[PDB]
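Single chain ahead, by itself, as structure tokens, in the form deposited without the partner chain.
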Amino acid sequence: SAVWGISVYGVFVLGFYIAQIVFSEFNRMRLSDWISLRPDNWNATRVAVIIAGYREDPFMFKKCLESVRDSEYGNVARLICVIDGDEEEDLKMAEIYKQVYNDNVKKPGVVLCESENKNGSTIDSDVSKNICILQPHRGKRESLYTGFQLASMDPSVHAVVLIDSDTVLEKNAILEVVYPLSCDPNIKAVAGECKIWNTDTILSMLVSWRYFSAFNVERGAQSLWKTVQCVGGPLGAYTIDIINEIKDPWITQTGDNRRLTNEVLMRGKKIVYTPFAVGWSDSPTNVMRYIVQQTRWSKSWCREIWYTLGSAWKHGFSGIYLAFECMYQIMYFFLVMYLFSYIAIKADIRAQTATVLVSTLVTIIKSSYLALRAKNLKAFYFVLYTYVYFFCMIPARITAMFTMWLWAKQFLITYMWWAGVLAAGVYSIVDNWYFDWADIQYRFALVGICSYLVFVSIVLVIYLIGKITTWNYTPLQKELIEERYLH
């Protein structure tokens, strides 16, 4: 029974991942074939770049603005920078914008989406000049809607680029997010790659490879069938007609970009993900903040599940993959929970050692593929993501399920999960307190657990050596620290 369950877990985890790898590779081949036909110095889609932010680091906001300005795309109509706030502290963003761009900061007294006349011409007069708006703080959706209306008042603008206030774009990110829109009349959105640059912490180092996997594999797989989720945010291109069609139902809903993407998909429109457009953002360095962020992400995903399933019904035989993935995530969560619960109350050393060895092996295979794809030996740190998942995501999923003092609603379930895991480990240790070197099964269990501990210790020591030698830092991170030292 235990062997059958472990084999089922192994196949269930390593078969969908292999299928996703194959689909992402085929999406990469399709996009490469599309790009190989792109004429040199191609600029046919007029683009307005939208930056929506709220009290970002003055250094990182300046880096984002400079990365936008230092972009090689030849057809950029305008830059729209919307700031969720007109308070005294929110003027720092305007000052940074004036440092990097013109003195066209506007402070309307109203939020554009909460007015009888929502046209961008009510708060703007010239579409040629880059614009900065200081609008009252309502949310990411309201600032994004103001940016959409400011971009839509120029009839010559064909597409729109959404980036975060902290995204350091590559010199060809805009070109590679806007090119796929012209390769298919039914493609109304493109998702770009987001890369974590601040790999100076054990959590951020693993979150960087989690982002790499979840973008490359898990979005090329969706883009093969052209049903990518969560487009926009750090980097994403939207056609102007589709946003003109879907902005009102999206803003009048009773910012995660999930509902915007589902509004695109519910109308039968294709969405691709390009791995050749890269924008650099950061990740939380704190475990607890990561826990609350993942709780919010899981709450958003669980809220937009019926709408996602309905969206993956408008595609005749496509969208079956989207529905299968939506069911697979739930089935995987409950499979992991059931496996841990079963092997935790039985206190069988053979089963626990087999489970940890199989999980380590499958994560080693996944990390090997990640290293091959990224050409980076640091992708083997992803074997340590098992701890991050088991100790931050499962509490996050349970909290999202249960919440849909302020400390209790955020961390009580996490602390209870930690206490339960500790109690299960202690019970398994005290229920199997014996030594028998004459038994081959006990020898196998002890040697397996000791080898697993030695492996994880060696990986941790390698990470520590890299941290001391600053070998874990991305080149952009080294550049950013060097720039910060002297401002």
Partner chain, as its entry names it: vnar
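Residue numbers count along the first chain shown, from 1.
If you look for the form deposited with the partner chain bound, you will not find it shown, but the lines that follow are about it.
The partner chain contact at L335 in the entry with it bound, heavy atom, 4.5 Å:
Result no; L335 lies far from the partner chain in the entry with it bound.
Report whether the minimum heavy atom distance between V264 and the partner chain in the entry with it bound is within 4.5 Å.
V264 lies outside the contact set for the partner chain.
Closest heavy atom of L453 to the partner chain in the entry with it bound, within 4.5 Å or not?
No - in the entry with it bound, heavy atoms of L453 and the partner chain never come within 4.5 Å of each other.
Taking the shortest heavy atom distance, is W209 within 4.5 Å of the partner chain in the entry with it bound?
Residue-level check for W209: no, no contact with the partner chain.
Counting non-hydrogen atoms within 4.5 angstroms of the partner chain in the entry with it bound, say which of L181, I413, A379, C132 makes the cut.
Of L181, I413, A379, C132, the residue with a heavy atom within 4.5 Å of the partner chain in the entry with it bound is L181.
Given that the partner chain is left out here, which of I187, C194, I202, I343 has a heavy atom within 4.5 Å of it in the entry with it bound?
That would be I187.
Looking at 194-202, 239-247, 136-144, 382-390, which lies within 4.5 angstroms of the partner chain in the entry with it bound, counting heavy atoms?
In short, 239-247.
Relative to the partner chain in the entry with it bound, which residues of 279-301 have a heavy atom no more than 4.5 Å away?
Heavy-atom contacts within 4.5 Å come from no residue here.
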